[PDB]
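To start, the structure under review is shown below, and the notes come after it.
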Amino acid sequence: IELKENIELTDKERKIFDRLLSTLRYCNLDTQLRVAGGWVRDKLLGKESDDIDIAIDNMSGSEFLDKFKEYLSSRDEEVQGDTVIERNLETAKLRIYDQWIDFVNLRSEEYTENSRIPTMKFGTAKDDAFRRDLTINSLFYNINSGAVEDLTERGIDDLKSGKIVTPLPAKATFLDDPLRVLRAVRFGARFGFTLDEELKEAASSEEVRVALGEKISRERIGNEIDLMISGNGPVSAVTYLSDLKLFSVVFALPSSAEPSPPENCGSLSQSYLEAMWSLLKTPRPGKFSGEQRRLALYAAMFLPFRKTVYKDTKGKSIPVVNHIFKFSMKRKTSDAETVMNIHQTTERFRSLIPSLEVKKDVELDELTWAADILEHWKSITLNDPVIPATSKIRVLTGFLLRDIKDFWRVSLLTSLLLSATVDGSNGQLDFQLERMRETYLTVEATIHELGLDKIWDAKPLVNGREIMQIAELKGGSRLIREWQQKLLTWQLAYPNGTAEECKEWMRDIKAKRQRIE
């Protein structure tokens, strides 16, 4: 890795450091201030960071935060924040030039503890460096001497090359804080670095794996996985998850998983993950919200678990993707449902593609999922003299675009990965991705030609109250939705038709007694 000679400072950092060095003299303090590890790494790597961690040598976070440098002919020195956090250590928080700078006190980490406030007291810079997660996050920048300190004697070397290494032995560390296993994979794939062989042999142990699935908050497990899928290279993170046999502990399936989890599900997840990652970084328009792209990678990764379900305490077969998001990762309920919507509306999108590439009715009458919509369409278009060949596909597409709301751009990409897999029991996706992009652009254009863009916001032509007016008194809240699904088929088939034009067809058809259903 091409590192920098020394640490280039910016206009705010330098200014902030200038005041910090002025307080050591205006108050005559003997303390050796120092930045924490996360900032020195990005600076030496040629990047920048807004997280400024300052460790105090012989002074508490709030103790040094109460040493305001006033009466120095300054520009009304006035901070914006001064929050202090206690415990049962004392960390102070400052706010200068719209920058959150927390003053942490150099302290050490104990071993004998219940994984909660193990810190006993503060000790030297070595004790604050060897408690860091990785060797690249254990570097200090002594702002009193302007030099870089490598107390681990491995960090500057492991940063010049690509290697994630724990300061202390990995297995002993991963038994005290097993979450550091996922933090190593997160930093190994973010910076494109490798993992030390003693770190791989420790993470792959049954002891560390059994210590990661038990006595470990799932919320934090899912919090690390979201940072992988929502970071630089998530493929590498997933690759390390399957190699170290952590894919089954992080994404744990429920016991009542029917059908049983197929063997080597990590091999099918990576292939879909690599394809999905290479199908969302080609055009690079910048109009792709992170959440949308983040949910897309989960959908492709969990695509083999699309047809497997589980039974909850109510005996309802719930898709397995619900147990992974709600119980194995403690994610938002919107993430669990959005992924499930993508998986269900995928097979229904794969059947409409051969018709959306030529804008014609290409075997749409035998679609088993649209047998109810076609029956609505065949009954309305029976008295039509000549009807276009696009009203059929516009209605069916105009119905699948109202269930995925605006997730049709991510669902269409997942349907292209299901149309490249062969039949069998080996059969795995192998199709070329050169014609896959072209397919995405051809279908997306057809949707736009048909005016179906955001067709999930178009108000209905006839409300529920007029439905009871035009129809008889015989009916109830199951009939309004019944009639509105038929009217939606009329609205999708006649795009330029009015509401009164639709009510004429409704008043005429009730005067003719012609069942559409």
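Please note that chains go A, B, ... in the order of the structure tokens, that every chain numbers its residues from 1, and that ligands are numbered from 1 in the order shown.
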
Step one, run DSSP on the backbone; step two, keep only residues of region 265-450 of chain A assigned to strand (DSSP E or B); then write them as a PDB file with C-alpha atoms, in the first residue's frame.
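To be explicit, this is the file written out as result_13.pdb:
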```pdb
ATOM      1  CA  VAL A 309     -40.517 -21.187   5.130  1.00  0.00           C
ATOM      2  CA  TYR A 310     -40.968 -21.801   8.845  1.00  0.00           C
ATOM      3  CA  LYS A 311     -43.944 -22.215  11.170  1.00  0.00           C
ATOM      4  CA  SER A 317     -45.901 -20.872   7.327  1.00  0.00           C
ATOM      5  CA  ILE A 318     -43.817 -17.679   7.437  1.00  0.00           C
ATOM      6  CA  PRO A 319     -40.928 -17.241   4.958  1.00  0.00           C
TER       7      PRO A 319
END
```

For region 47-60 of chain A: contacts at 7 Å, only C-alpha atoms, fewer than 6 positions along chain excluded, given as number ranges by chain: A: 31-36, 39, 90, 101-106

Serialized selection, C-alpha atoms, as a JSON list (two decimals), in the first residue's frame:
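Contents of selection30.json, as written:
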```json
[["chain", "number", "residue", "atom", "x", "y", "z"],
["A", 31, "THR", "CA", -0.06, 16.44, 29.89],
["A", 32, "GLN", "CA", 0.86, 14.68, 26.58],
["A", 33, "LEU", "CA", -2.32, 14.84, 24.40],
["A", 34, "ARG", "CA", -2.60, 12.24, 21.58],
["A", 35, "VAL", "CA", -5.20, 11.26, 18.88],
["A", 36, "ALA", "CA", -6.74, 7.76, 19.07],
["A", 39, "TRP", "CA", -7.89, 8.93, 12.90],
["A", 90, "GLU", "CA", -15.59, 9.64, 32.42],
["A", 101, "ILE", "CA", -14.23, 16.28, 19.46],
["A", 102, "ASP", "CA", -14.47, 13.86, 22.45],
["A", 103, "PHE", "CA", -11.60, 13.92, 25.03],
["A", 104, "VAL", "CA", -11.02, 10.24, 26.04],
["A", 105, "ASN", "CA", -8.61, 9.47, 28.95],
["A", 106, "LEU", "CA", -5.84, 6.86, 28.31]]
```

Residues near residue 262 (chain A), cut-off 12 Å, only C-alpha atoms, skip fewer than 4 positions along chain, as JSON, numbers by chain: {"A": [253, 257, 258, 266, 267, 268, 269, 304, 305, 307, 308, 425, 426]}

Those same residues - C-alpha atoms - I'd like them written as a PDB file, in the first residue's frame.
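The resulting file, out-v6.pdb, is reproduced below:
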```pdb
ATOM      1  CA  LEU A 253     -32.041 -20.545  10.193  1.00  0.00           C
ATOM      2  CA  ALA A 257     -36.995 -24.883   8.306  1.00  0.00           C
ATOM      3  CA  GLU A 258     -38.858 -26.716   5.527  1.00  0.00           C
ATOM      4  CA  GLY A 266     -22.816 -19.842   0.921  1.00  0.00           C
ATOM      5  CA  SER A 267     -21.652 -20.840  -2.557  1.00  0.00           C
ATOM      6  CA  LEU A 268     -25.015 -19.842  -4.045  1.00  0.00           C
ATOM      7  CA  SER A 269     -25.155 -16.635  -1.990  1.00  0.00           C
ATOM      8  CA  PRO A 304     -31.735 -19.537  -2.188  1.00  0.00           C
ATOM      9  CA  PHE A 305     -33.913 -19.104   0.934  1.00  0.00           C
ATOM     10  CA  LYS A 307     -38.999 -20.799  -1.201  1.00  0.00           C
ATOM     11  CA  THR A 308     -38.156 -22.107   2.292  1.00  0.00           C
ATOM     12  CA  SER A 425     -29.349 -30.503  -8.646  1.00  0.00           C
ATOM     13  CA  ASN A 426     -25.712 -29.353  -9.106  1.00  0.00           C
TER      14      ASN A 426
END
```

Straight-line distance linking CA of residue 355 (chain A) with CA of residue 393 (chain A), stated in Å to one decimal: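 These atoms are spaced 7.1 Å apart.
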
Within 7 Å of residue 499 (chain A) using only C-alpha atoms, minus same-chain residues under 2 positions, as a PyMOL selection string: chain A and resi 461-462+497+501-503

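Minimum atom-to-atom distance to residue 242 (chain A), evaluated using only C-alpha atoms, belongs to A:185 out of A:416, A:320, A:185, A:339.
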
Within 12 Å of residue 220 (chain A) using only C-alpha atoms, minus same-chain residues under 3 positions, as a PyMOL selection string: chain A and resi 178-180+182-183+212-213+215-217+223-227+250+328-331

Taking only region 356-514 of chain A into account, list the residues labelled helix (DSSP H, G or I) by DSSP (computed from the backbone), as a tab-separated table (two decimals) with C-alpha atoms, in the first residue's frame.
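Once written, result04.tsv looks like this:
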```tsv
chain	number	residue	atom	x	y	z
A	356	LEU	CA	-41.67	-6.82	-22.24
A	368	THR	CA	-50.73	-19.13	-13.16
A	369	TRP	CA	-50.23	-16.07	-10.94
A	370	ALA	CA	-52.31	-13.75	-13.17
A	371	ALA	CA	-55.24	-16.11	-13.86
A	372	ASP	CA	-57.48	-13.77	-11.85
A	373	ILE	CA	-56.39	-10.60	-13.67
A	374	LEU	CA	-56.75	-12.18	-17.12
A	375	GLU	CA	-60.30	-13.24	-16.25
A	376	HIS	CA	-60.93	-9.57	-15.49
A	377	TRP	CA	-59.27	-8.62	-18.79
A	378	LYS	CA	-60.97	-11.21	-21.01
A	379	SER	CA	-64.40	-10.12	-19.75
A	380	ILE	CA	-63.90	-6.40	-20.40
A	391	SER	CA	-52.89	-3.46	-23.06
A	392	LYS	CA	-52.49	-7.07	-21.93
A	393	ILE	CA	-48.91	-6.67	-20.68
A	394	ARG	CA	-49.61	-3.16	-19.37
A	395	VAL	CA	-52.37	-4.47	-17.11
A	396	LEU	CA	-50.30	-7.37	-15.77
A	397	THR	CA	-47.22	-5.19	-15.29
A	398	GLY	CA	-49.43	-2.38	-13.93
A	399	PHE	CA	-50.53	-4.88	-11.22
A	400	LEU	CA	-47.05	-6.20	-10.21
A	408	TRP	CA	-39.41	-2.81	-9.16
A	409	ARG	CA	-35.92	-1.54	-10.20
A	410	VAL	CA	-34.34	-3.91	-7.59
A	411	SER	CA	-36.86	-6.77	-8.14
A	412	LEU	CA	-36.24	-6.79	-11.95
A	413	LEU	CA	-32.47	-7.25	-11.27
A	414	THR	CA	-33.25	-10.23	-8.95
A	415	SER	CA	-35.50	-11.76	-11.69
A	416	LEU	CA	-32.54	-11.66	-14.16
A	417	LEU	CA	-30.44	-13.80	-11.74
A	434	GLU	CA	-22.93	-8.90	-20.66
A	435	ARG	CA	-26.50	-9.51	-21.98
A	436	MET	CA	-28.00	-9.18	-18.45
A	437	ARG	CA	-27.51	-5.38	-18.33
A	438	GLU	CA	-28.95	-5.04	-21.88
A	439	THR	CA	-32.08	-6.95	-20.67
A	440	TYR	CA	-32.50	-4.55	-17.71
A	441	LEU	CA	-32.35	-1.49	-19.98
A	442	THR	CA	-34.79	-2.95	-22.52
A	443	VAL	CA	-37.43	-3.84	-19.92
A	444	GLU	CA	-37.04	-0.58	-17.98
A	445	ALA	CA	-37.66	1.32	-21.22
A	446	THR	CA	-40.83	-0.65	-21.98
A	447	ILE	CA	-42.25	0.21	-18.54
A	448	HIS	CA	-41.56	3.88	-19.27
A	449	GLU	CA	-43.06	3.67	-22.76
A	464	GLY	CA	-66.03	3.09	-2.84
A	465	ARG	CA	-69.10	5.25	-2.26
A	466	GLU	CA	-69.95	5.56	-5.96
A	467	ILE	CA	-69.49	1.80	-6.36
A	468	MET	CA	-72.38	1.26	-3.95
A	469	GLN	CA	-74.33	3.95	-5.81
A	470	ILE	CA	-73.96	2.38	-9.26
A	477	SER	CA	-66.60	-4.06	2.38
A	478	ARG	CA	-65.58	-7.26	0.49
A	479	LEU	CA	-67.41	-5.97	-2.62
A	480	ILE	CA	-65.75	-2.54	-2.86
A	481	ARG	CA	-62.30	-4.11	-3.11
A	482	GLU	CA	-63.78	-6.70	-5.48
A	483	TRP	CA	-65.09	-3.99	-7.82
A	484	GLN	CA	-62.02	-1.75	-7.52
A	485	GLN	CA	-59.72	-4.54	-8.71
A	486	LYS	CA	-61.89	-4.84	-11.83
A	487	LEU	CA	-61.89	-1.07	-12.34
A	488	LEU	CA	-58.09	-1.00	-12.03
A	489	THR	CA	-57.97	-3.43	-14.96
A	490	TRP	CA	-60.12	-0.97	-16.92
A	491	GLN	CA	-57.89	1.96	-15.93
A	492	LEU	CA	-54.73	0.07	-16.89
A	493	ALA	CA	-56.20	-0.95	-20.25
A	499	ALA	CA	-63.96	8.43	-14.75
A	500	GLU	CA	-67.36	9.15	-16.32
A	501	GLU	CA	-66.30	7.04	-19.30
A	502	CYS	CA	-65.60	4.22	-16.84
A	503	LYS	CA	-68.96	4.72	-15.09
A	504	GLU	CA	-70.74	4.44	-18.45
A	505	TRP	CA	-69.15	1.01	-18.86
A	506	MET	CA	-70.20	0.18	-15.29
A	507	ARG	CA	-73.80	1.37	-15.72
A	508	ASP	CA	-74.10	-0.42	-19.07
A	509	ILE	CA	-72.68	-3.71	-17.82
A	510	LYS	CA	-75.04	-3.87	-14.83
```

Atomic distance CA of residue 127 (chain A) - CA of residue 177 (chain A), expressed in Å with one decimal: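 CA of residue 177 (chain A) lies at a distance of 16.7 Å from CA of residue 127 (chain A).
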
A:349, A:191, A:456, A:325 ranked by distance to residue 419 (chain A), top pick (using only C-alpha atoms): A:349
